[PDB]
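Residue numbers (the entry's author numbering), protein chains in the order written: chain a, 19 to 195; chain 4, 2 to 139; chain 8, 213 to 264; chain 5, 67 to 390; chain N, 44 to 161; chain O, 142 to 309.
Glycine included, each C-beta is placed from N, C-alpha and C at the ideal position.
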Amino acid sequence: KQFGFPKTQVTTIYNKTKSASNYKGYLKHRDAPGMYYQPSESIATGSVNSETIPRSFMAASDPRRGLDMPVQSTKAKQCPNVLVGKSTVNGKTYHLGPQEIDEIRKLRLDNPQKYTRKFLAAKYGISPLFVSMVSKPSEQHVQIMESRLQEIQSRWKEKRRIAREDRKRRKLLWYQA
Amino acid sequence: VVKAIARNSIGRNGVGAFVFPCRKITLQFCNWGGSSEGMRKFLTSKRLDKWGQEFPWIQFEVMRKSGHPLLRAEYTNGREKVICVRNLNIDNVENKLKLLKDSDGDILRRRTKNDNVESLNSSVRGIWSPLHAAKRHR
Amino acid sequence: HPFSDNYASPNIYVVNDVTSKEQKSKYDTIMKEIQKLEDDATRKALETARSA
Amino acid sequence: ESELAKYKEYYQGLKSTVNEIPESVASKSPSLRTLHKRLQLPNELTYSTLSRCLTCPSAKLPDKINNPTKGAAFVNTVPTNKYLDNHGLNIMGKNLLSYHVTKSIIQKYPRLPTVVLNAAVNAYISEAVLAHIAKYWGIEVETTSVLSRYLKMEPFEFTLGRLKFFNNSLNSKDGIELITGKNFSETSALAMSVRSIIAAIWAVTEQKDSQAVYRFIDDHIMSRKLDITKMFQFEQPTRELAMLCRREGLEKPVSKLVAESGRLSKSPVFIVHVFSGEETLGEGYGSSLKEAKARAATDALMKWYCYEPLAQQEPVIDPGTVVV
Amino acid sequence: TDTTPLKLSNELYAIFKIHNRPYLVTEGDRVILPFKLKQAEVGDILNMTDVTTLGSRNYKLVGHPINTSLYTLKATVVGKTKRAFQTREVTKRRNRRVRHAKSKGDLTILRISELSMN
Amino acid sequence: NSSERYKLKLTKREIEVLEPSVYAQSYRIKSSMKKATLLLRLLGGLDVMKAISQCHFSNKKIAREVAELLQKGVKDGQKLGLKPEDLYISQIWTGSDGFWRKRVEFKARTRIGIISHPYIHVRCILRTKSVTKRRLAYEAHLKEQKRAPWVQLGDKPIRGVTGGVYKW
RNA sequence: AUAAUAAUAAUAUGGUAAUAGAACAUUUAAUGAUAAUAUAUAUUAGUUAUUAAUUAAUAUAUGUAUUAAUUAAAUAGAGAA
RNA sequence: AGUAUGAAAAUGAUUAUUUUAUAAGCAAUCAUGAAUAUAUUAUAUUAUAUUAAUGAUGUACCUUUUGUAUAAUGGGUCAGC
Ligand SMILES: [Mg+2]
Ligand SMILES: [Mg+2]
Ligand SMILES: [Mg+2]
Ligand SMILES: [Mg+2]
Ligand SMILES: [Mg+2]
Ligand SMILES: [Mg+2]
Ligand SMILES: [Mg+2]
Ligand SMILES: [Mg+2]
Ligand SMILES: [Mg+2]
Ligand SMILES: [Mg+2]
Ligand SMILES: [Mg+2]
Ligand SMILES: [Mg+2]
Ligand SMILES: [Mg+2]
Ligand SMILES: [Mg+2]
Ligand SMILES: [Mg+2]
């Protein structure tokens, strides 16, 4: 706490629980002249505001670093992990040598149906993503998979296709900010 | 990975340099036609010169046509007001001209109660959220 | 009978009272004159071709 | 006498005035004067210079005049002088715009990604925007023919005051465009005019007040609204954020549920925060958990990039875009 | 009055009052006053004086009215104009006389050009 | 045989009219408009051949006339250049043909009515499955592409006026 | 010592029966430029404190307003028999 | 009951846009989402127009009466008179 301003809710003269939308009550409410701390009643998702940016992303010579406004209201100890990879929970491992990688690559080309990504991962104690990064399958297998996917898509009704399109649009919208 | 979305800027006339909305006014009259008397008098009588001196960013065209006397303004937004000044005296014509020069060119429009400010800017405080409110509901 | 000089403030001006009919007549004369010029030239060219 | 001869001599006089842009004639032109007053251009910037800025290059009449049957006729403009057009000016104005606007953007957002920055620059000074600005100012195009003008018997002053390029008469008549080059487009001509004015301003003020041009630009071009947050479109932002954290002296980012409501409904709400250590980087709301996580990462990236330092701070040079 | 956080903040709003009518604004915002301004012509600048509240995202200075020294708030008068013309009819329930109450109120478009902590 | 590019600018109405169509018209049919409607609603957007077949096996009297009209429109389309298996009835309506002769009906106990005798015409516009239908399918596809999706926790406008004050 | 327009301060401005004052649309008569780049009528969208007129676009007519304006008059305004 | 012309309305069918199959009353007005159309200055986070999401207010008109949503008078609609 750098600043010791008095803090205020966004105060109505009326009952806020019954008349939150009534602007008139807000207009009526006068408060004594001076500086206040009105903490925002909002998530800081779309905001480029300087009171919203974290201190690590502020520059070293920024005066705003010292001021207490990027408030750490939440606590990482209390919050549980969401869609977190197994590498993040128990650390990244760089154990597999070149020979092992070469063997994996050989296996994958030979028989991707038998030696699938998950199986490789299980064998070598490593991620399916990493297996993918390491090794391409036989392009034939990929083509087959694409054809299967196309067939599945064709098997849809009109409605399902539209829903999938909508989902895709939503996904695109998520990454806009 | 990051990609741009092609987007264009919005001009706020006032904030940097004010470009005056009224760009051109056309005084139109008739030599015949008793409805154009006050307009004719205005054109004659040293008022137009004074006006032009006052407002050198507006150009003042003076045209002759057979019909009723006309005051057509021309604004920065591209819209055109045209006021017919038929049978108006000199002073009424001048008032009309003043009104025209005052106008920002935009179309006339019904406003609802307290529809005062028109912002392009995102809210300084955020938008309210029930999870992030100060007083939690019950 | 106002003019652009009459007002003495250079943003004011009076557009020229040329009657529509007069303009039309002028246009007719010019395009006609061009046509006459062209036709004579074509005739001359024909005569030259005939000669050699 | 002959009316053709009268027309011809008028045309010749007009051509001579275009070649010169004589100062007295330019001064007499009411439209130029009003433009000058409107923009509050310097008194050192003469009216001849302003007229020249409106004069686009037009040395020779093109081959497409030969056939109005193919959907084009260029009968409005008159040939210009090679060394008195807006062409050199225009280039200079473009350079100024490219320098100053870009610099201002960098000052505002010192970490802004390269592509995003370029888009912002374009938005500020794209050809269409420039044309719009010119229209707003009142730079009107010489649409009327030379013959028509002669018949009306209007002065050359008015012609000088208007914008002058090879504008195709019957451009979109009967709903038929011909798709010609940039040298016959109205928008382009208007863009050139606005750049040429800027260049003229620069030329006149540089020795007396070097920054006059840049403050004019700020007033007209940099005064326009552009929300930089609307410019971005991320792909796999979590990975990018992790890379950024690695690059800086920050702990690995992990996403965690802060608050949750309406799970097992049509429209839940999941608030997740991407923490690096105890510090939160990005806050992300969402209908799904995945969506919320994505949004937190995007928020973090926005905060990284769109960080705008104060003027009182010493200059922030960013360490490049986060190459994932 | 330690007005340092407000001064620092990139985003900033004001709640200036013209004739006790509050208008919440940022820079670039386009106020539409519901009356004909006589004092200022079009192009004239208005230095706002009765500024009630000056707010960041999380702080706000408030005063009745806030010291003129602490801030700037320049509006520009960007067109006097009018509302759309309306004619509501006034009449009683068994009476053929129907009085037309014509109306076309005046407006003044301001634009908030400058708003900053001095 | 030319290096000149072009871009064509056409209204919605212009687009509609220029697509290949054919305009059938009946003669002065002896019927009510209501009676015609009772049939013609069945032949809304049918292929012309299907419509003709329906008319052939309809029990109604106007039906034969409608069939004949359709046949004529097909013949016209063929003459123009179109195909009969391509043609569908885009529009088909009826109207009064005018000069309906009124005639008093004498009733019991010095009462009367007036009996009109309605004459009508059926017109119809045949358009092509090869063009018009394709165009409207394309339009529908474009509209679908444009359509903004249902977002669950989506940005809806905070409707209402602000009132010169923060409520949050 | 007036008229027009604009300021300031004050008072007034619901209205049936009724009284008083001021306008507009329509048609005819007297006077009367102009013109297909024009006029008239219609539709749509603008403009003027707006039963009215005007601007633009579009359509159809007409080589053209008994046109603007002032007077004189009226078979001069219809959801009510 | 002249001759031309006739996008005058009532009226019918059809197409397009838009709303409508859990919602109740002069069918409008005001608030207010959404969808569509037009827009040679939408620069847009744009503007206009059309359209019974949803909300609020709303007891046809005239006549005659102390007094009418009245279940008092009168009108099927529009055009001309
Ligand atoms: Mg209550
Ligand atoms: Mg009564
Ligand atoms: Mg009444
Ligand atoms: Mg008939
Ligand atoms: Mg009988
Ligand atoms: Mg009958
Ligand atoms: Mg009264
Ligand atoms: Mg009468
Ligand atoms: Mg009637
Ligand atoms: Mg009435
Ligand atoms: Mg329902
Ligand atoms: Mg019901
Ligand atoms: Mg009843
Ligand atoms: Mg009754
Ligand atoms: Mg009855």
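Residue i burial status per 10 Å Cβ neighbour count (16 or more: buried)
i, result
"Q29 (chain 4)", "buried"
"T209 (chain 5)", "exposed"
"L249 (chain 8)", "exposed"
"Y165 (chain 5)", "exposed"
"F198 (chain O)", "exposed"
"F300 (chain 5)", "buried"
"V107 (chain a)", "exposed"
"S262 (chain 5)", "buried"
"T152 (chain O)", "exposed"
"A127 (chain N)", "exposed"
"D151 (chain 5)", "buried"
"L149 (chain O)", "exposed"
"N14 (chain 4)", "buried"
"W174 (chain a)", "exposed"
"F282 (chain 5)", "buried"
"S327 (chain 5)", "exposed"
Cβ-based neighbour list, residue i, same chain, cut-off 6 Å, excluding 5 preceding and 5 following
i, result
"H198 (chain 5)", "none"
"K50 (chain N)", "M160"
"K243 (chain O)", "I255 and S257"
"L236 (chain 5)", "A139"
"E132 (chain N)", "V141 and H143"
"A192 (chain O)", "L184, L211 and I230"
Chain-ordered chain 5 contacts of residue i [CB-CB under 7 Å]
i, result
"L151 (chain O)", "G241"
"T241 (chain 8)", "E69"
Among the options, nearest to residue i - alpha-carbon criterion
i, options, result
"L180 (chain O)", "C196 (chain O), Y168 (chain O) and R264 (chain O)", "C196 (chain O)"
"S172 (chain O)", "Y260 (chain O), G304 (chain O) and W309 (chain O)", "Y260 (chain O)"
"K104 (chain a)", "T63 (chain a), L147 (chain a), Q96 (chain a) and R83 (chain a)", "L147 (chain a)"
"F140 (chain 5)", "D275 (chain 5), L213 (chain 5) and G350 (chain 5)", "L213 (chain 5)"
"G227 (chain 5)", "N223 (chain 8), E259 (chain 8), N218 (chain 8) and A261 (chain 8)", "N223 (chain 8)"
"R126 (chain a)", "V152 (chain a), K34 (chain a) and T29 (chain a)", "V152 (chain a)"
Cβ neighbours of residue i in the same chain (closer than 7 Å, five flanking residues each side left out)
i, result
"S254 (chain 5)", "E193 and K248"
Residue i beta carbon near ligand 3 (any heavy atom closer than 7 Å)
i, result
"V133 (chain N)", "no"
"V141 (chain N)", "yes"
Interface partners of residue i on chain 5, CB under 8 Å
i, result
"residue 199 (chain a)", "Nothing about residue 199 (chain a) can be read from this structure; chain a reaches only from 19 to 195."
"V230 (chain 8)", "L217, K218 and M219"
Own chain residues within Cβ distance below 8 Å of residue i, not counting five before or after
i, result
"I172 (chain 5)", "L178 and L183"
"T168 (chain 5)", "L183 and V187"
"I88 (chain N)", "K117, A118, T119, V120 and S156"
Partner residues on chain 4 for residue i, Cβ-Cβ distance less than 8 Å
i, result
"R104 (chain 5)", "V20, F21, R24 and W58"
Where residue i meets chain 5, residues with beta-carbon distance less than 9 Å
i, result
"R13 (chain 4)", "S289, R290 and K291"
Distance cut-off 7 Å: residue i Cβ against heavy atoms of ligand 4
i, result
"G236 (chain O)", "no"
Residue i: contacting residues in chain 4 (beta-carbon distance under 7 Å)
i, result
"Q27 (chain a)", "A135 and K136"
Contact test: residue i Cβ vs ligand 5 heavy atom, cutoff 7 Å
i, result
"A177 (chain O)", "no"
"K248 (chain O)", "yes"
Neighbouring residues, chain O, relative to residue i (Cβ below 8 Å)
i, result
"residue 219 (chain a)", "Because chain a here runs from 19 to 195, residue 219 (chain a) falls outside it and cannot be looked at."
Closer than 7 Å: residue i CB and nearest ligand 6 heavy atom
i, result
"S238 (chain 5)", "no"
"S257 (chain O)", "yes"
Chain-ordered neighbours of residue i on chain O, where CB pairs are closer than 7 Å
i, result
"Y66 (chain N)", "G305"
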